[PDB]
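Colleague: One structure is given below, represented as structure tokens, and several questions about it will come after.
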Amino acid sequence: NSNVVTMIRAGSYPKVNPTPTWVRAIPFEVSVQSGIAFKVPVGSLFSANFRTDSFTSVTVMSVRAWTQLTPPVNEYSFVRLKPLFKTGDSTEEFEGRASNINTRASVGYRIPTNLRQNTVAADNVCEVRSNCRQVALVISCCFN
Amino acid sequence: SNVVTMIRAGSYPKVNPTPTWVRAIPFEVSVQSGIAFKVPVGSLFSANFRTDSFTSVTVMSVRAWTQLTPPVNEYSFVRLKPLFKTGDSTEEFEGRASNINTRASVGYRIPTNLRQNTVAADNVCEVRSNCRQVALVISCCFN
Amino acid sequence: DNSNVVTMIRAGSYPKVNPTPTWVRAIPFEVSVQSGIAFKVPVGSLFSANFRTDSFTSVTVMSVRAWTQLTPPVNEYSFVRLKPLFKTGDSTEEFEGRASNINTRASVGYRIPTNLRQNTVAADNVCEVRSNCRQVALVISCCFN
Amino acid sequence: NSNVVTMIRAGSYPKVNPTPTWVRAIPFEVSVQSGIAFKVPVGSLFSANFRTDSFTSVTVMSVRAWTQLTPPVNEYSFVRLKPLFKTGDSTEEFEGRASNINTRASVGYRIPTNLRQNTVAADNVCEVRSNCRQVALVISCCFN
Amino acid sequence: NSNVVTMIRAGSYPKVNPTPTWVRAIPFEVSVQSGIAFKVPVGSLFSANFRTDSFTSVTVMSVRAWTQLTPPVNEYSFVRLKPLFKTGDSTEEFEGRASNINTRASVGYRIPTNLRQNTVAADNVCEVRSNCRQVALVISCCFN
Amino acid sequence: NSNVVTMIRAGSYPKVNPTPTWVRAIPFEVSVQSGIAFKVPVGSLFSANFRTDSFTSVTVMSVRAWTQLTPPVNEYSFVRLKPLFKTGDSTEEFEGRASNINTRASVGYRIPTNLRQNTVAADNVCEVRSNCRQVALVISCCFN
Amino acid sequence: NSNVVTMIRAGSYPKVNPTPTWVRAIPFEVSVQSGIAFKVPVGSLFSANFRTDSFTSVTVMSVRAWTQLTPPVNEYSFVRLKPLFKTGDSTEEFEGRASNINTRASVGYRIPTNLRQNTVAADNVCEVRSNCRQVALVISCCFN
Amino acid sequence: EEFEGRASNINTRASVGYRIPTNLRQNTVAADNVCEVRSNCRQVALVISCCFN
RNA sequence: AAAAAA
RNA sequence: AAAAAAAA
RNA sequence: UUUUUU
RNA sequence: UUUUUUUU
RNA sequence: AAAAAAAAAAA
RNA sequence: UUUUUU
RNA sequence: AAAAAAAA
RNA sequence: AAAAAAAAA
RNA sequence: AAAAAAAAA
RNA sequence: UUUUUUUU
RNA sequence: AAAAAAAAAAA
RNA sequence: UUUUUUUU
RNA sequence: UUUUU
RNA sequence: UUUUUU
Ligand SMILES: [Cl-]
Ligand SMILES: [Cl-]
Ligand SMILES: [Cl-]
Ligand SMILES: [Cl-]
Ligand SMILES: [Cl-]
Ligand SMILES: [Mg+2]
Ligand SMILES: [Mg+2]
Ligand SMILES: [Mg+2]
């Protein structure tokens with residue numbers, strides 16, 4: 001309600017951290033080929049395009065996908081996700097298909113707490129299969 | 001009361017022949033592929049909106065829709081980057097379509113602490129889209 | 001706290017829009033008057049860039065109020081009459097208000113019933129004004145459309 | 001109660017009006033022929049027989065009609081009313097018939113608020129049709 | 001509500017009255033000479049400027065007076081009222097004075113129910129006195 | 001309920017009206033050119049196609065308009081409306097745009113009670129603009 | 001209750017019907033001979049005088065009859081109604097007599113919902129008998 | 001905007017004021033200007049509720 | 001609460 | 001209690 | 001209680 | 001309350 | 001027990 | 001409440 | 001909540 | 001009914 | 001989303 | 001609600 | 001809260 | 001039992 | 001109440 | 001309830 005500056009009765013110097021962690025929802029795309037699985041690299045989350053180039057590690061919480069280009073002729077779009085982990089890759093293929101040809105396909109998977117460790121740029125996140133030549137992704141992750 | 005009735009008016013009131021006006025102004029802009037276009041504040045001053053008599057305006061929010069179809073195989077999309085005289089933003093508020101035949105849409109609100117006047121020479125925001133036009137509806141206050 | 005930065009709006013379908021909306025206003029303007037002579041106030045005085053209304057061509061008047069704008073003749077108390085005029089039939093009322101102090105304005109006004117609130121164009125007239133003061137200040141509450 | 005004059009403590013000069021408005025029901029008769037409609041002119045309402053000769057406009061609210069003379073032999077009286085408006089005449093025929101030959105026939109119609117604009121002497125109110133030679137009208141209106 | 005005409009199921013022809021009564025506040029002025037009383041004539045109430053030229057009798061209820069022009073130099077406005085009755089004039093002088101030389105003087109008097117009989121043009125209502133050359137009155141009356 | 005005809009103890013002859021009013025929603029289409037407004041005629045409402053050829057006037061209440069044909073390539077349908085009145089034309093351009101190129105565009109406007117007078121065939125309702133060569137109208141009105 | 005037009009945010013194209021049904025009370029008169037029964041044809045309900053010339057069928061609910069002309073000398077008016085149906089004519093003679101020679105004779109009958117089918121112009125509704133040469137009818141029906 | 005106030009008594013002052021919303025309450029230096037004033041009287045008295053800092 | 005219909 | 005005729 | 005409007 | 005119906 | 005009828009001049 | 005009456 | 005300037 | 005601005009008016 | 005901001009009674 | 005105080 | 005005094009013209 | 005940036 | 005959530 | 005007064 002004050003229109004003017006005021007005096008803060010500051011005390012002892014507080015605990016500081018010039019490089020906190022930040023929880024994010026990173027949107028990026030990946031080019032997919034027909035019948036070929038594409039390994040999504042973690043390194044794609046580290047970029048000045050997301051303000052995250054200052055990080056080297058990230059704990060992924062959940063992954064969501066969307067077909068980014070139209071599907072072949074006569075077909076309905078589809079996208080699949082196989083979760084990948086350093087301690088052991090999964091064989092799940094969380095799939096989603098569009099019920100309208102003109103509409104995107106989508107799917108996502110959540111990572112359980114016991115599997116939410118850090119990952120670096122060299123590591124992979126999951127395999128993406130699709131009949132569309134491009135898939136949009138949105139990863140909910142904790143940079144640190 | 002089906003007939004005129006007398007009014008017991010009193011002293012002469014405080015008057016103002018040129019008041020303010022809260023408005024939602026719809027106008028379109030042309031956008032080029034892979035290029036950002038600065039939305040000029042001047043577009044809000046026009047006889048088409050009854051706002052030619054104004055020279056300044058306080059923008060409150062900005063919403064955007066793609067106005068033409070997207071490139072073949074692509075889904076529409078539109079981004080908005082707020083711009084201020086005291087410092088431009090780097091936010092890219094993006095919305096995308098989920099049906100190729102449908103518009104993409106997104107918008108942003110200006111916080112009270114940044115709601116200062118802007119004149120015709122100023123710019124509201126940068127617009128990016130894969131669509132050759134974008135329809136903007138800006139909720140603002142003319143003064 | 002309130003927001004200190006820009007925030008995203010999860011807009012959706014393109015809304016119904018209107019670039020030339022209506023506007024409810026209270027317009028102030030004066031009219032010169034002559035002694036013992038009425039003056040038909042033109043509706044075209046409400047349309048003007050001095051009121052931001054030059055873009056309108058019709059208007060619905062709701063009420064009319066009037067104040068003498070200049071002093072009265074020597075030894076006289078100000079006064080002002082209003083006779084409503086309507087295209088379907090002018091009125092014969094003479095709503096009159098007088099001043100009780102020579103140095104003070106005279107005032108009066110009238111309300112238009114809902115059934116008589118149709119559009120009026122510049123060529124039309126609102127009401128006649130009589131007064132011993134040479135100029136009268138009007139404040140008209142009207143809906144431009 | 002008071003039996004003598006008493007001093008009123010008047011103050012400022014009030015808002016006055018020498019020519020005020022008036023709500024009225026005007027009784028008058030119109031002359032009607034067989035099979036021929038008669039347009040009731042609004043000018044019939046302004047007259048020193050009603051104290052209304054000082055008005056040039058009037059807002060009609062409702063119209064009531066009664067036959068005024070005996071019907072043709074072997075017939076029961078009747079009367080019709082077709083509202084007329086400067087913005088567009090109406091085609092209704094609000095009719096009323098007597099159930100006794102010796103009794104008047106009556107009918108009427110109300111004008112809705114959205115159609116209650118002024119009218120001048122040169123205007124018409126409604127068409128009257130009857131098998132009686134004369135008709136009696138009572139028009140509720142607000143002179144101004 | 002209603003946007004179109006609607007029928008009225010009228011019955012027998014009602015009692016009517018084309019020349020009814022009217023309760024009014026009639027504003028008018030009178031010229032007054034210094035030191036001389038002016039008998040206000042009832043005829044002033046009958047006039048087409050008031051819509052009452054169709055009446056020939058009136059019952060007065062109350063009379064209020066205001067000075068219409070400025071007072072003499074150095075003096076505060078004043079005005080008196082002496083009621084007059086055909087049955088017997090009264091010797092009251094209901095006097096109101098102004099407290100600002102620039103402001104009107106005002107006063108009035110009420111007529112008791114027992115002294116509320118008609119009056120005709122030839123009659124008078126009251127004597128007015130004032131140091132101002134004109135007096136504006138507002139008489140509340142029932143024309144009949 | 002009853003399986004056979006029953007007697008009605010009818011009384012005096014009632015009030016009747018062989019030509020009553022009628023509240024309707026009238027659908028019709030108009031041709032519109034590119035960049036050119038089209039004044040929609042009130043006469044379109046009177047017609048044997050709507051059972052309203054017996055009416056000569058109509059009190060319009062609201063207007064709703066949809067695009068009837070596809071829009072130009074790459075564009076989304078739109079339709080504007082400018083209310084027109086005999087007492088004064090409006091400058092409002094109530095617009096409605098589609099968000100799916102395959103979907104109609106729609107918009108309407110309500111007429112306020114104080115503007116719900118009648119209109120005749122000669123009169124016009126509103127100006128229609130659109131990028132589609134044909135517009136569908138649905139006018140909620142009261143025929144009288 | 002505004003004072004000026006507002007925008008309606010219309011939606012999809014609604015279901016429409018340019019030629020809806022109509023519930024009506026159609027008044028008309030039928031000429032009758034003494035001692036002879038007159039069949040009332042249904043086609044009399046279709047006519048531009050009733051705004052129904054666009055209907056080819058109708059469902060009749062009730063019938064009411066009033067003698068339209070005076071009776072013979074020394075007699076009291078009367079009227080008889082005999083319902084007629086395509087699936088089988090009735091033999092009821094619903095009758096009503098005046099208790100005052102100068103007063104109409106009235107009677108009507110209700111059609112039960114199991115016998116409320118459509119009737120075309122060539123069909124007949126009921127036979128009429130009376131000692132008056134004409135008879136006024138008011139039929140409550142549903143035009144479709 | 002032209003917030004205007006007139007007097008109903010010739011011998012009386014004419015008055016009018018305007019409030020500045022929160023989103024437009026920033027600092028102003030000497031060179032700057034507050035508002036334009038138009039009056040038929042040759043002088044005008046101002047009372048400005050401000051916050052020096 | 002609007003119009004037509006015991 | 002619905003339907004029919006009657007019925008203070 | 002029904003039908004158009006809503 | 002004369003004639004008909006109404007899930008046993 | 002919020003404990004009888006008014007009007008005229010001065011609170 | 002003072003005070004002048006039916 | 002007392003005091004100061006402001007303040008519907 | 002979580003992290004990164006604050007843990008006390 | 002069911003209360004408020006601007007102009008008006 | 002801008003500047004001061006008020007028993008820890 | 002069954003939420004202030006009447007009369008004149010039109011319900 | 002204050003609220004504000006970003007999170008499925 | 002018009003405009004704007 | 002509309003509306004015209006003390
Ligand atoms: Cl589709
Ligand atoms: Cl398609
Ligand atoms: Cl003074
Ligand atoms: Cl004129
Ligand atoms: Cl209606
Ligand atoms: Mg797809
Ligand atoms: Mg008769
Ligand atoms: Mg008979």
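To be explicit about the labels: the chains of the structure tokens are called A, B, and onward in the order shown, and within each one the residues are counted from 1, while ligands get numbers from 1 in the order they are shown.
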Please identify which residues in chain G DSSP calls strand (DSSP E) from the backbone, and express them as a ChimeraX atom specification.
Modeller: /G:6-8,22-31,38-41,58-67,78-83,94-97,106-110,118-119,124-130,134-143
Colleague: Show me, as JSON, numbers by chain, every residue of chain G with an atom at most 9 Å from chain C, counting only C-alpha atoms.
Modeller: {"G": [3, 4, 5, 6, 7, 8, 9, 10]}
Colleague: List all protein, DNA and RNA residues that have an atom no more than 9 Å from any atom of ligand 3, counting only C-alpha atoms (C1' of nucleotides) and all ligand atoms, and report them as a PyMOL selection string.
Modeller: (chain C and resi 101-104) or (chain E and resi 100-103) or (chain H and resi 9-12)
Colleague: Output C-alpha atoms for every residue in that selection, as a JSON list (two decimals), in the first residue's frame.
Modeller:
```json
[["chain", "number", "residue", "atom", "x", "y", "z"],
["C", 101, "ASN", "CA", -29.69, 33.60, -5.65],
["C", 102, "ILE", "CA", -29.01, 36.09, -8.45],
["C", 103, "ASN", "CA", -25.34, 35.06, -8.39],
["C", 104, "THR", "CA", -26.26, 31.35, -8.66],
["E", 100, "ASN", "CA", -28.87, 37.32, 1.88],
["E", 101, "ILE", "CA", -29.60, 40.46, -0.16],
["E", 102, "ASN", "CA", -28.88, 38.37, -3.26],
["E", 103, "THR", "CA", -31.43, 35.72, -2.22],
["H", 9, "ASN", "CA", -22.01, 30.79, -8.00],
["H", 10, "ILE", "CA", -20.00, 33.43, -9.87],
["H", 11, "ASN", "CA", -18.45, 34.61, -6.59],
["H", 12, "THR", "CA", -17.39, 31.03, -5.78]]
```
Colleague: Mind listing the residues within 8 Å of ligand 6, only C-alpha atoms (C1' of nucleotides) and all ligand atoms counted, as a PDB file with N, CA, C and O atoms, in the first residue's frame?
Modeller:
```pdb
ATOM      1  N   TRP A  66       4.057 -35.479 -28.274  1.00  0.00           N
ATOM      2  CA  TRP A  66       3.023 -35.131 -29.241  1.00  0.00           C
ATOM      3  C   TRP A  66       3.614 -35.237 -30.642  1.00  0.00           C
ATOM      4  O   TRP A  66       4.713 -34.730 -30.891  1.00  0.00           O
ATOM      5  N   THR A  67       2.899 -35.885 -31.559  1.00  0.00           N
ATOM      6  CA  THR A  67       3.297 -35.827 -32.960  1.00  0.00           C
ATOM      7  C   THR A  67       3.287 -34.373 -33.418  1.00  0.00           C
ATOM      8  O   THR A  67       2.339 -33.633 -33.142  1.00  0.00           O
ATOM      9  N   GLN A  68       4.355 -33.956 -34.105  1.00  0.00           N
ATOM     10  CA  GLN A  68       4.538 -32.556 -34.478  1.00  0.00           C
ATOM     11  C   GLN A  68       4.237 -32.272 -35.945  1.00  0.00           C
ATOM     12  O   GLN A  68       4.045 -31.103 -36.303  1.00  0.00           O
ATOM     13  N   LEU A  69       4.188 -33.297 -36.794  1.00  0.00           N
ATOM     14  CA  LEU A  69       3.817 -33.133 -38.192  1.00  0.00           C
ATOM     15  C   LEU A  69       2.716 -34.122 -38.546  1.00  0.00           C
ATOM     16  O   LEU A  69       2.513 -35.129 -37.864  1.00  0.00           O
ATOM     17  N   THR A  70       2.004 -33.821 -39.630  1.00  0.00           N
ATOM     18  CA  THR A  70       0.899 -34.663 -40.051  1.00  0.00           C
ATOM     19  C   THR A  70       1.388 -36.081 -40.309  1.00  0.00           C
ATOM     20  O   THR A  70       2.578 -36.309 -40.540  1.00  0.00           O
ATOM     21  N   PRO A  71       0.481 -37.051 -40.276  1.00  0.00           N
ATOM     22  CA  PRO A  71       0.874 -38.441 -40.531  1.00  0.00           C
ATOM     23  C   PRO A  71       0.847 -38.755 -42.015  1.00  0.00           C
ATOM     24  O   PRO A  71       0.394 -37.936 -42.834  1.00  0.00           O
ATOM     25  N   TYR A  76      -3.777 -42.692 -39.216  1.00  0.00           N
ATOM     26  CA  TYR A  76      -3.927 -41.890 -38.011  1.00  0.00           C
ATOM     27  C   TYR A  76      -2.583 -41.842 -37.294  1.00  0.00           C
ATOM     28  O   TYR A  76      -1.855 -42.839 -37.257  1.00  0.00           O
ATOM     29  N   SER A  77      -2.249 -40.682 -36.735  1.00  0.00           N
ATOM     30  CA  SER A  77      -0.951 -40.512 -36.091  1.00  0.00           C
ATOM     31  C   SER A  77      -0.809 -41.438 -34.881  1.00  0.00           C
ATOM     32  O   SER A  77      -1.794 -41.848 -34.264  1.00  0.00           O
ATOM     33  N   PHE A  78       0.437 -41.774 -34.545  1.00  0.00           N
ATOM     34  CA  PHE A  78       0.720 -42.519 -33.326  1.00  0.00           C
ATOM     35  C   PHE A  78       2.114 -42.164 -32.830  1.00  0.00           C
ATOM     36  O   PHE A  78       2.992 -41.791 -33.607  1.00  0.00           O
ATOM     37  N   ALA A  98      -4.180 -40.947 -32.633  1.00  0.00           N
ATOM     38  CA  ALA A  98      -5.193 -39.929 -32.855  1.00  0.00           C
ATOM     39  C   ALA A  98      -6.445 -40.559 -33.447  1.00  0.00           C
ATOM     40  O   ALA A  98      -6.359 -41.446 -34.303  1.00  0.00           O
ATOM     41  N   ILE A 101      -7.593 -37.790 -38.121  1.00  0.00           N
ATOM     42  CA  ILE A 101      -6.332 -37.767 -38.866  1.00  0.00           C
ATOM     43  C   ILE A 101      -5.634 -36.422 -38.696  1.00  0.00           C
ATOM     44  O   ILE A 101      -4.398 -36.347 -38.628  1.00  0.00           O
ATOM     45  N   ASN A 102      -6.413 -35.343 -38.614  1.00  0.00           N
ATOM     46  CA  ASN A 102      -5.856 -34.000 -38.541  1.00  0.00           C
ATOM     47  C   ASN A 102      -5.373 -33.634 -37.142  1.00  0.00           C
ATOM     48  O   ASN A 102      -4.835 -32.536 -36.955  1.00  0.00           O
ATOM     49  N   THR A 103      -5.543 -34.517 -36.164  1.00  0.00           N
ATOM     50  CA  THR A 103      -5.210 -34.221 -34.782  1.00  0.00           C
ATOM     51  C   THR A 103      -3.935 -34.935 -34.366  1.00  0.00           C
ATOM     52  O   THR A 103      -3.585 -35.991 -34.897  1.00  0.00           O
ATOM     53  N   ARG A 104      -3.241 -34.337 -33.411  1.00  0.00           N
ATOM     54  CA  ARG A 104      -2.006 -34.917 -32.919  1.00  0.00           C
ATOM     55  C   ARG A 104      -2.290 -36.207 -32.159  1.00  0.00           C
ATOM     56  O   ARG A 104      -3.366 -36.394 -31.588  1.00  0.00           O
ATOM     57  N   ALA A 105      -1.309 -37.101 -32.152  1.00  0.00           N
ATOM     58  CA  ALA A 105      -1.275 -38.201 -31.206  1.00  0.00           C
ATOM     59  C   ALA A 105      -0.448 -37.769 -30.009  1.00  0.00           C
ATOM     60  O   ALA A 105       0.446 -36.929 -30.130  1.00  0.00           O
ATOM     61  N   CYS A 132       4.732 -40.150 -37.828  1.00  0.00           N
ATOM     62  CA  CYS A 132       4.979 -38.758 -38.180  1.00  0.00           C
ATOM     63  C   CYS A 132       6.466 -38.446 -38.080  1.00  0.00           C
ATOM     64  O   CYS A 132       7.167 -38.965 -37.208  1.00  0.00           O
TER      65      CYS A 132
END
```
Colleague: Please produce, as a Markdown table, a per-residue contact table for chain C versus ligand 4 (criterion: any atom at most 9 Å away, only C-alpha atoms and all ligand atoms considered), showing the nearest atom pair and its distance in Å to one decimal, sorted by chain then residue number.
Modeller:
```
| residue | atom | partner | partner_atom_place_in_ligand_line | distance |
| --- | --- | --- | --- | --- |
| C:40 | CA | ligand 4 | 1 (Cl) | 6.5 |
| C:41 | CA | ligand 4 | 1 (Cl) | 8.7 |
| C:42 | CA | ligand 4 | 1 (Cl) | 8.5 |
| C:85 | CA | ligand 4 | 1 (Cl) | 6.2 |
| C:86 | CA | ligand 4 | 1 (Cl) | 7.4 |
| C:87 | CA | ligand 4 | 1 (Cl) | 7.3 |
| C:90 | CA | ligand 4 | 1 (Cl) | 7.3 |
| C:124 | CA | ligand 4 | 1 (Cl) | 6.5 |
| C:125 | CA | ligand 4 | 1 (Cl) | 5.1 |
| C:126 | CA | ligand 4 | 1 (Cl) | 7.5 |
| C:127 | CA | ligand 4 | 1 (Cl) | 7.6 |
| C:128 | CA | ligand 4 | 1 (Cl) | 8.4 |
```
Colleague: Name all residues at most 12 Å from residue 3 in chain R (count only C-alpha atoms (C1' of nucleotides); drop same-chain ones fewer than 2 positions away) and give them as a list in words.
Modeller: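 Those residues are residues 6 and 7 of chain A; 3, 4, 5 and 6 of chain O; 1 and 5 of chain R.
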Colleague: Produce a file of the selected residues containing N, CA, C and O atoms (P, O5', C5', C4', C3', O3' and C1' of nucleotides), as a PDB file, in the first residue's frame.
Modeller:
```
ATOM      1  N   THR A   6      11.169   1.921   1.627  1.00  0.00           N
ATOM      2  CA  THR A   6      11.138   1.678   3.062  1.00  0.00           C
ATOM      3  C   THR A   6      12.460   1.063   3.496  1.00  0.00           C
ATOM      4  O   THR A   6      13.263   0.627   2.670  1.00  0.00           O
ATOM      5  N   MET A   7      12.680   1.015   4.807  1.00  0.00           N
ATOM      6  CA  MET A   7      13.920   0.496   5.366  1.00  0.00           C
ATOM      7  C   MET A   7      13.683  -0.907   5.903  1.00  0.00           C
ATOM      8  O   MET A   7      12.804  -1.117   6.740  1.00  0.00           O
TER       9      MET A   7
ATOM     10  P     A O   3      -3.861  10.977  19.436  1.00  0.00           P
ATOM     11  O5'   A O   3      -2.388  11.493  19.122  1.00  0.00           O
ATOM     12  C5'   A O   3      -1.649  12.202  20.107  1.00  0.00           C
ATOM     13  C4'   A O   3      -0.267  12.567  19.619  1.00  0.00           C
ATOM     14  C3'   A O   3      -0.160  12.946  18.151  1.00  0.00           C
ATOM     15  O3'   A O   3      -0.577  14.272  17.881  1.00  0.00           O
ATOM     16  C1'   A O   3       1.538  11.404  18.669  1.00  0.00           C
ATOM     17  P     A O   4      -1.397  14.596  16.539  1.00  0.00           P
ATOM     18  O5'   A O   4      -0.250  14.830  15.459  1.00  0.00           O
ATOM     19  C5'   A O   4       0.898  15.609  15.772  1.00  0.00           C
ATOM     20  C4'   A O   4       1.947  15.503  14.692  1.00  0.00           C
ATOM     21  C3'   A O   4       1.432  15.534  13.258  1.00  0.00           C
ATOM     22  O3'   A O   4       1.140  16.841  12.791  1.00  0.00           O
ATOM     23  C1'   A O   4       2.948  13.747  13.491  1.00  0.00           C
ATOM     24  P     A O   5      -0.219  17.115  11.978  1.00  0.00           P
ATOM     25  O5'   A O   5       0.156  16.730  10.477  1.00  0.00           O
ATOM     26  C5'   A O   5       1.202  17.407   9.795  1.00  0.00           C
ATOM     27  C4'   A O   5       1.595  16.702   8.520  1.00  0.00           C
ATOM     28  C3'   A O   5       0.460  16.297   7.596  1.00  0.00           C
ATOM     29  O3'   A O   5      -0.051  17.360   6.818  1.00  0.00           O
ATOM     30  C1'   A O   5       1.929  14.480   7.842  1.00  0.00           C
ATOM     31  P     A O   6      -1.605  17.363   6.409  1.00  0.00           P
ATOM     32  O5'   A O   6      -1.775  16.039   5.539  1.00  0.00           O
ATOM     33  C5'   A O   6      -1.020  15.862   4.351  1.00  0.00           C
ATOM     34  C4'   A O   6      -1.111  14.455   3.805  1.00  0.00           C
ATOM     35  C3'   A O   6      -2.453  14.012   3.248  1.00  0.00           C
ATOM     36  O3'   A O   6      -2.734  14.536   1.962  1.00  0.00           O
ATOM     37  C1'   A O   6      -1.500  12.267   4.541  1.00  0.00           C
TER      38        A O   6
ATOM     39  P     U R   1      -0.933  -0.718   5.277  1.00  0.00           P
ATOM     40  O5'   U R   1       0.247   0.259   5.707  1.00  0.00           O
ATOM     41  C5'   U R   1       1.123   0.804   4.734  1.00  0.00           C
ATOM     42  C4'   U R   1       0.921   2.291   4.584  1.00  0.00           C
ATOM     43  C3'   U R   1       1.306   3.142   5.784  1.00  0.00           C
ATOM     44  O3'   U R   1       2.702   3.386   5.907  1.00  0.00           O
ATOM     45  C1'   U R   1      -0.831   3.781   5.063  1.00  0.00           C
ATOM     46  P     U R   5      12.175   6.406  17.671  1.00  0.00           P
ATOM     47  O5'   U R   5      10.830   5.799  18.263  1.00  0.00           O
ATOM     48  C5'   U R   5      10.832   5.125  19.513  1.00  0.00           C
ATOM     49  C4'   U R   5       9.733   5.629  20.415  1.00  0.00           C
ATOM     50  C3'   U R   5       9.165   4.614  21.400  1.00  0.00           C
ATOM     51  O3'   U R   5       9.934   4.521  22.588  1.00  0.00           O
ATOM     52  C1'   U R   5       7.391   5.694  20.262  1.00  0.00           C
TER      53        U R   5
END
```
